[PDB]
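To start, the structure itself, in structure tokens.
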Amino acid sequence: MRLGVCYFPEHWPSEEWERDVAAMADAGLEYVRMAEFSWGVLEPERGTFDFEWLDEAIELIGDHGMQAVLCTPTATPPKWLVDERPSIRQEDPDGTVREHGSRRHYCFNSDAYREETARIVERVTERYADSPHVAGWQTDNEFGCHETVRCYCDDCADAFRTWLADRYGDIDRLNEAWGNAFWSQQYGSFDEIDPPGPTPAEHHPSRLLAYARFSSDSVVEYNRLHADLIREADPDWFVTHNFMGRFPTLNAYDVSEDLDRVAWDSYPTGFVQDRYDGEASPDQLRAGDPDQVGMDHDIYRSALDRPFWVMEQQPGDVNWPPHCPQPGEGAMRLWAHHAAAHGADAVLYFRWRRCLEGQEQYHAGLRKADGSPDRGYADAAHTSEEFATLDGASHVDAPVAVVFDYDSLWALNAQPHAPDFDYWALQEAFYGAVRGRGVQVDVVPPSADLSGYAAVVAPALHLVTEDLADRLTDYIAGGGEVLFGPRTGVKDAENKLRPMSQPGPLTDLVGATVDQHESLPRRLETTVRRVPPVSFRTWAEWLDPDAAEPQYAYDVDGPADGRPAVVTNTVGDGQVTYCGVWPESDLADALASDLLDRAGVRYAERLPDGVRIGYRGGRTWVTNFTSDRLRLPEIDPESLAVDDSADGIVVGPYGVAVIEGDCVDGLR
Amino acid sequence: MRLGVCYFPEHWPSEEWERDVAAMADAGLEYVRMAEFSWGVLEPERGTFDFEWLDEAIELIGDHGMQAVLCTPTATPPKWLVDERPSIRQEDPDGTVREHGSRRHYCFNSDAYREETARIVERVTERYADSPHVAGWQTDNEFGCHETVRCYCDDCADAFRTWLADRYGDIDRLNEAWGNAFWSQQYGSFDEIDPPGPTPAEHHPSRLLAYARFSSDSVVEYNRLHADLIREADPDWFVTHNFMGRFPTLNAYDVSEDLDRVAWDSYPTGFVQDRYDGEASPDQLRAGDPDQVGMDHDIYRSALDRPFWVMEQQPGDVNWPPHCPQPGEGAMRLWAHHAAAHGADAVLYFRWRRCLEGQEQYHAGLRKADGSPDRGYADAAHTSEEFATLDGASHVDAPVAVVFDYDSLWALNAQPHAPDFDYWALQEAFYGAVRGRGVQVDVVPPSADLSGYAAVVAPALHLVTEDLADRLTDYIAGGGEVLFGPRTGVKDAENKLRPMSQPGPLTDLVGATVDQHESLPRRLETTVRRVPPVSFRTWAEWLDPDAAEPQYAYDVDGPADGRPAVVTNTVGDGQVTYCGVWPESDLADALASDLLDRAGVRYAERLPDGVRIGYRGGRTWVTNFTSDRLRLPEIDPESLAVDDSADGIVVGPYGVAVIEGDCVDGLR
Amino acid sequence: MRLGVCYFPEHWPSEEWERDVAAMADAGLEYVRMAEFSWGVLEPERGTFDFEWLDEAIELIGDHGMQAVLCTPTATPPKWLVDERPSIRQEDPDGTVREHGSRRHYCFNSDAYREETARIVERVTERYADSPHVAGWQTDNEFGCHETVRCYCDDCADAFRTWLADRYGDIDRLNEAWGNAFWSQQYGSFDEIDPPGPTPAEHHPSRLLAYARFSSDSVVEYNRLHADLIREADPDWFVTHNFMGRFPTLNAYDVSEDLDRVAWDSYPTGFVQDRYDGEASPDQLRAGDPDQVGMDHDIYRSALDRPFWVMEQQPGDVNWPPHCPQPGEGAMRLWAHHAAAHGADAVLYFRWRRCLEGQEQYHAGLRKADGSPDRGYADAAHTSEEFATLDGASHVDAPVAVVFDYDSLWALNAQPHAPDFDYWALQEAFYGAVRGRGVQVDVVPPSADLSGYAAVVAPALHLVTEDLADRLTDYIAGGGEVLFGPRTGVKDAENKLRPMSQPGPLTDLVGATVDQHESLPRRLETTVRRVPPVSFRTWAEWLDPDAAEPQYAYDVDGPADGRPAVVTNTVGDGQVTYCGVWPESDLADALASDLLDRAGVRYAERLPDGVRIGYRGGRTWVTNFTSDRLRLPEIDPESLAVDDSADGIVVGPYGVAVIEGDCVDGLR
Ligand SMILES: [Mg+2]
Ligand SMILES: [Mg+2]
Ligand SMILES: [Mg+2]
Ligand SMILES: [Zn+2]
Ligand SMILES: [Zn+2]
Ligand SMILES: [Zn+2]
């Protein structure tokens, strides 16, 4: 709908200021976000303040018809503050303090930093509460980036001890809940508990999961401090945060419980590089992967059951990934329309102009170093016009749900049982099989209500609380069916095994138990056939069908030969399928298409690997991350978003096509 | 002969206790080992003790006819003790203290820990000295695991200084023995010597070897403290320890000098993964490598010249190696019979039931999580019956010897001169060539007497003491012949070069000197022909035949072309062959078969790669780690151990076959 | 011209002393360098001194007709000094002190060490000022080796603060020159600046470049202390230093500004191993790469515009590289003649005899361990005779120049924008293309005067000072043409971007601007054709020809398809070509041959990959690093240096051929 850009008047002289806001008006960007790293300029020394620049900045943003979203400067305390109160910095487990010289050099549990966040944010919000045309506020900047969610300092130790006391009540319930008899790891009292440090072997899984939950909850409380004082300033303002893609350390659900709108930063070409399982391909090197960006879009939309923003959007070549080839022609228009299809009503590009200045010189902006426009500006203008023309897009609703569980993520990160195992890649297999049929997908936590969904897929439900278990049993008994992936129903809320066999509380919600599991180097032939041969990847679980009906068996020809691999069971009205195998493309597509068959939804035929389509409101969007070409027959030119006989429409490389009418179709 | 299991009543409720000991009686396991990690349960706080559970435990083990072997709880001091006396923990070279949160968090040289080992072990042995049916005692648990042999704390510094003074007498003998003039590294006094810490370049080889010897001797004295007080408790008891496979940091010979029986922990599928040189193959992924497990069996048997135990045996899937595929059908029966062939009279499986509890949840037991039996239980029962039926097996004696020298191992670990060089792999090449002919092999230190051996193979004798040198000269003059590998006769007892050329004290016990040596990336063609072409690996030493007779020359076609590679010489009665080359399979087999020719022993024809046979007492065992099948004609069905015309016997995948009669044969 | 050896009488008994100096006379080595690591022997305790050995040593070196070059023992302070004043040692960023146990364990900024360098060097030079036959002095030993240029201790912190104050005057000029507004990184005062330590993300580029310049300048001042007191001792003496190959941390130009002769250590087989981009080939494993050793030869010759020495030369197999295969037959004669061709008048081999002693036992010498000669001795004798026969070789002058900029090196090391990017490899591509035509090349800093050069090549001029810019414009306007590589004209003296587009101050000295740049994984097809198809590597810069004339365009067929890749422009008299691409062998050779066409120099036809020729004085040298054979027709046998009809001369594997007459030729 609306577009924007992340501006930094801090770096540029004030002569360029109004001409640049004028260009930002020319492009059609109705939002401008600044003041992230402006603490050092505002307070050069303690007691001295320099607000006026931002005032004029806001003025010009309001002079040209855009509303500016401001942010707390907490991400970068200046050097005088760090030298003044060194206790604010964090420590990694062996105790080395993460110094100044970059961003994110503070600890979420140091009461000192709480005091001075209070001071600085109080003074910056009271300057702007009622009068000016600021739109809302965003918390610090990318909470927990550079692995700053978990600190092992002594302030975190005290916070950990009281968090533990609050969770468990007394020491004996902790010892029996984690079960500390193995390797005589019982705690005599809560003080005897230290944040995990260097030790000869692995750390206790319940201990590590407790510390992960503790770190994420610490940052949730810090964010609530932020949001409390922001709401204190002006009741109309929204509070929001910019999260990151494929980020494991911060539970965005609970922190989003404290805000009004959700935002995140997407850089497709960079994240397709970061050992996205397998070698990043050229078209991926220039456009990214539609499914990684898409799952992040869905996870941040379904946070509040409301549309989201993308607070930072890749403008061109960036600096952090190993290589950064030039993205394809119109890749930014492509990403904007991708986010718009996935639910974003605002897309703000980072940044306005390439910074000549810091350790991000190799990060482009919508403008060059000259003040000349970069490719980002042109594509931003084009997507602006098309966003205007296509309607006041509604909030998508997904018929299918995938349950994303940060606790399962952390617990398996602690115990992968394979070097090539990754929760992100598993959820990606299942979710991308569902999206390869063309549906809109919702990814949610166990907290959400599973009613109102045709089908649900739970690739990893590692820890199953029994309330969650009977909720799913009643959903499958009364409503649609479910597809569970491998490694679900293994541990409890305390990351502990059950006296029963896998999948514990779900064992009767499926037709089988699990004899045992094995982890496989991806060097062995790993196939399944149906009881045609498809291959699976990295993981196998032998199914003991006690209730009923194996579907796929192992043609692996090892010691698991001929044993059930996939299973189905019809408990009452509605079904349940269990996949004890990490499926490759074909098997996952078969499972997805069949579950979609069972739930009367309108899956399109197998869309190509770099082609994704989504129905928002009434219109439907086809985003082409492939650089070849696409041709959809069966649809004549009545499309709203088109580029500059009736044989369909042709969607060029990195192009979008918005069409109305919720299709069941194929293409190229 | 007898079977067992490592039980932990600590984890399980006492209602399952007698039913589980009843099942352990059903399987036929006459030994039960517990109390390893029970310090935290016994002494929850200082002065408070909780013995009674173990009492009843022992009672039930004695109620059902099995003798229980107990162990000191020293491996895991509880948190209250660590917080009480933090000085007990270790430090790695840069000085970071290895905290609590795992096992093995103590230092062998901290007098504090000596005091409290005295306290706890005194109190636990006096509880059981004369009266109950405990069988013997095992020291802590896997001494030095997780790299805990070498600590760099200050207590170790004092222990190192006095160990050095005891070895060298005065500072000047140390300086001249290590020769500290290079890089002006001379010590003015013994206090000027610090345990090795961070330094810009490598560390002195004599210094590092001194510290390795010092760490291992420190743990030998700790073990002698243990054994002294155990023998103090009951004169009948045996003292033993559980060592590890392919473990370089602890000299098991000298610590075994302090005990009565030797035991070790075998997990074949896991250790075949740990960069066992080359990619672990599928049949290896499910059965392991017969030669690695076999050399460990031999090294721990020949420790006391007595049979050994395998205190921990893989029950199924385990947790530590990167991947853990399900082992083959009957792999545990296979490992039990493998150890029985190699000399083990007791084989105790770890553990009884998969622990639901600690950081080893992914480690199976003989029973499932349900209390249901796992594959391990069934295979344990089957091997129990066959162990009963085949006789009261004798102690094997080997005709051939391989000299394993921990000092050579440490010295070459400090100076590999190649990234792909490994003492384990070299000894494996030679030993496996000998075993591929079907013999029983003894692996011993230079301390042992070399008489009573048809032939001897010394792959790496890096440090040759002159007493050892004339012992070998008299052995070769009066008795059998020897085969020396590369890098023998290079340094003295002080890890220092000789003024002479290689191999120093042995130069006249062989026909040649060594012109020079080269290290080779395994990318170049590395062949030898005899003076048909076989390939060698990673190492070459040009031989200068001064006395006599090159056998193999270099067809490598480099600057070493045509120079002697292998050599033979007949000093008196009996011969000596020197292999200045790391031989691949074919060359090593030729050398092994020929040395066996020279010593009138009964080598069988080349057995397949995953097939190993051994003659214990009167019976001989063929263990098949291959999953194909095996067929031995020339032997009709009179076999003792067989699975459930006369064309031989067929040994299926992962099967054993015990036959009587010391064969010279081939197979499949 | 003259040969030598690096002797250590410290290790050997004095009985071998005169026989070894006699052998050194036999070989013809007129220089002997000792006293590097002799501090521990000289001063065993403080106040006690033991000079006499060296006296006799010098005597014998003078008794047999050779002049001995001595060195300060500063590289290895003994243990008593380190224990006495521990503050002398260095610290790496997280603060761990680099202990004793190796060499180079001192800090260049600790005033303590300045005091005791003064003490020890004063006492060692006054012992020898006027009377004896020592030739000159060499500073410590390989300054900064094992990464000891940059220390992060507190003494370095104070030195850094005052160096910064001296460079910038006040804090505000530093903040605006580095531009510290990004991530609020401004400094309130110079004390607020700490040497870079652990921080969650990257460090500021200007900050890191400042610290690199600071470390190198610190060692320049330490070297000036050394040289000042050496010149104080005897006015006739020369001061020199031994630098290293491919060494990035020490600016040899500025330290050479303080000495009279330049020396360096060449080990070709070892450095061709150290991830010299690509797999080191067999002939490289035995001879090295002529271009890496050659560029180091040129960089150390052009330091003072005078000939150089090679203070350490590989004698045979060495210890530091991963593998060390035996070098080819006569490889040392080959290296000696290679250095002689490149300008070395003295070549001193390290070392005399393999040290039996320290952590370098696996490093050969010219003699074996026996005191027997090694291959090095024979080849040293042969190259001695030929050096005598061929004339009193002059100082080479190069017609072409390559600008090597340590600041560009450090700045791109901080921001490679690619994992496979390396300043050494880029300069190697261009320089080796020039040498593959057979010319002599000079590699110099921007400090040197560019007049007197037919053509100049600047592969990376990352930071262009405007004085440098107008110097190059006037050179191209009045004289020859230039070839600029990628990533030149990007930042200023402060490592900051310009408000203009690339290449900033050079934008009108070339026909184009730079649209943008991309980094490429070497997995994509990366070609160019001329406006036949050659391939490029790892880097591309789209050229916007505003002034004139693209030569090569992109046949890569991506989003950069058809855009100019190489460009040429004729500003006045003389031309300029810009290569926005990292060229592979063929493209680089085309560019080199064409620039040589433009400058009327006598390039020979494409010489093979392991063949290098150079014209020193009147004679010209062809060094064959290839092991095949070479045949030069068109030249009959009148050659001066030849090995033991008229169809040319044949140069065998690893042979030299010195011929007179400055050729334009081809070969094999
Ligand atoms: Mg700690
Ligand atoms: Mg230390
Ligand atoms: Mg610091
Ligand atoms: Zn912290
Ligand atoms: Zn210690
Ligand atoms: Zn320092």
Side-chain angles (χ1 to χ4, degrees), chain A residues 253 302 305 397-405 407-408 427 430-431 433-434 437 439-493 498-514 530-531 541 543-552 564-581 583 588 590-603, chain B residues 370:
Chain A
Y253 294 125
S302 35
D305 208 10
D397 84 80
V400 73
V402 198
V403 307
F404 188 91
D405 192 17
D407 302 18
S408 284
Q427 296 275 354
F430 283 99
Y431 162 92
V434 177
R437 284 312 179 154
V439 317
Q440 286 276 32
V441 188
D442 257 338
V443 286
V444 294
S447 313
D449 195 286
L450 298 179
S451 323
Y453 278 130
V456 159
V457 279
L461 272 197
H462 209 45
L463 313 204
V464 185
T465 173
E466 79 211 355
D467 310 349
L468 185 272
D470 45 45
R471 281 147 27 108
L472 286 116
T473 79
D474 303 339
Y475 160 67
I476 309 167
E481 56 186 78
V482 67
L483 167 71
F484 288 118
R487 317 179 72 165
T488 83
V490 169
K491 318 238 209 154
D492 64 352
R498 305 292 189 77
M500 57 216 52
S501 152
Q502 184 179 336
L506 303 142
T507 326
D508 285 296
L509 197 41
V510 278
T513 88
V514 171
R530 189 205 276 234
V531 65
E541 284 179 354
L543 299 191
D544 174 24
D546 281 343
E549 264 52 79
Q551 296 217 263
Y552 287 92
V566 190
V567 84
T568 40
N569 214 20
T570 319
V571 299
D573 309 6
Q575 211 193 145
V576 54
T577 169
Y578 188 84
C579 191
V581 86
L591 261 295
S593 99
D594 294 359
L595 221 55
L596 276 36
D597 271 315
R598 298 226 198 52
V601 200
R602 308 166 20 267
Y603 65 119
Chain B
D370 284 326

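Chain letters run A, B, ... following the sequence lines, proteins first and then strands; every chain starts at 1.
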Exercise. Any side-chain heavy atom of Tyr578(A) within less than 4.5 Å of one from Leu506(A)?
Worked result: no

Problem set entry | Residues forming a ring-ring contact (aromatic ring centres under 6.0 Å, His included) with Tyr253(A), sequence neighbours excluded | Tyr406(A)

For this session: Kindly indicate, with the supporting measurements, whether the criterion side chain to side chain contact (heavy atoms under 4.5 Å, CB included) is fulfilled by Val402(A) and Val434(A).
Result: CA-CA 10 Å; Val402(A) 198; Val434(A) 177; 5.7 Å; no

Exercise. Hey, is the main chain of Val514(A) close enough, under 3.5 Å, to the side chain of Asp544(A) for a donor-acceptor pair?
Worked result: no

Seminar exercise, completed: So OG1 of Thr507(A) and CZ of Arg498(A): to nearest 0.5 Å the spacing works out to 8.5 Å

Exercise. How would you list, by chain and number, every residue that makes a side-chain contact (heavy atoms from CB on, under 4.5 Å) with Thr577(A), sequence neighbours excluded?
Worked result: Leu483(A), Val566(A), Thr568(A), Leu591(A), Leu595(A)

Problem set entry | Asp508(A): partners by side-chain contact (heavy atoms from CB on, under 4.5 Å), with sequence neighbours left out | none

For this session: Please answer whether the main-chain N or O of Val443(A) pairs with a side-chain N or O of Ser302(A) as donor and acceptor at a distance below 3.5 Å.
Result: yes

Problem set entry | Minimum-distance pair of heavy atoms, taken over all atoms of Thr488(A) and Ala458(A) | CG2-O, 3.6 Å

For this session: State the OG-CG distance between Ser408(A) and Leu463(A), to the nearest 0.5 angstrom.
Result: 5.0 Å

Exercise. So do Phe430(A) and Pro583(A) actually touch side chain to side chain, heavy atoms under 4.5 Å?
Worked result: yes

Problem set entry | Separation of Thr570(A) OG1 from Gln575(A) CD (nearest 0.5 Å) | 4.0 Å

Exercise. When you measure from the side chain of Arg471(A) to the backbone N and O of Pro446(A), does any donor-acceptor pair fall under 3.5 Å?
Worked result: yes

For this session: For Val444(A) and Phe404(A), run side chain to side chain contact (heavy atoms under 4.5 Å, CB included): C-alpha distance rounded to whole Å, both residues' side-chain angles, the deciding distance at 0.1 Å, then the answer.
Result: CA-CA 5 Å; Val444(A) 294; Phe404(A) 188 91; over 6 Å; no

For this session: Start with the C-alpha gap between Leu450(A) and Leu472(A), add the side-chain angles, then the distance that decides, and say whether side chain to side chain contact (heavy atoms under 4.5 Å, CB included) holds.
Result: CA-CA 7 Å; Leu450(A) 298 179; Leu472(A) 286 116; 3.5 Å; yes

Problem set entry | Nearest heavy atoms of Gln427(A) and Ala460(A), plus distance in Å | NE2-N, 3.8 Å

Exercise. Does a side-chain heavy-atom distance below 4.5 Å link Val403(A) with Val456(A)?
Worked result: yes

Exercise. Hey, are the side chains of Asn569(A) and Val510(A) touching, using non-hydrogen atoms and a 4.5 Å cut-off?
Worked result: no

Exercise. Which pair of heavy atoms, one from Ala588(A) and one from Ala433(A), lies closest together, and at what distance?
Worked result: O-CB, 3.2 Å

Exercise. Are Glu481(A) and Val576(A) side-chain neighbours, meaning at least one heavy-atom pair lies under 4.5 Å?
Worked result: no

For this session: Applying side chain to side chain contact (heavy atoms under 4.5 Å, CB included), run through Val439(A) and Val441(A) and close with a yes or a no.
Result: CA-CA 6 Å; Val439(A) 317; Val441(A) 188; 3.6 Å; yes

For this session: Ignoring hydrogens and angles, state whether a donor on the side chain of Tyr603(A) or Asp597(A) is under 3.5 Å from an acceptor on the partner side chain.
Result: yes

Exercise. Atom CG of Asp442(A) and atom OH of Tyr453(A): how far apart are they, to the nearest 0.5 Å?
Worked result: 3.5 Å

Exercise. Side chain of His462(A), backbone of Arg487(A): donor and acceptor closer than 3.5 Å?
Worked result: yes

For this session: Can you measure from OH (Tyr552(A)) to SG (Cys579(A)) and round to the nearest 0.5 angstrom?
Result: 9.0 Å

Exercise. Which atoms form the tightest heavy-atom contact between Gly580(A) and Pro486(A), and what is the distance?
Worked result: C-CG, 4.1 Å

Exercise. How long is the span from the OH atom in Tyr475(A) to the CG atom in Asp449(A), to the nearest 0.5 Å?
Worked result: 11.0 Å

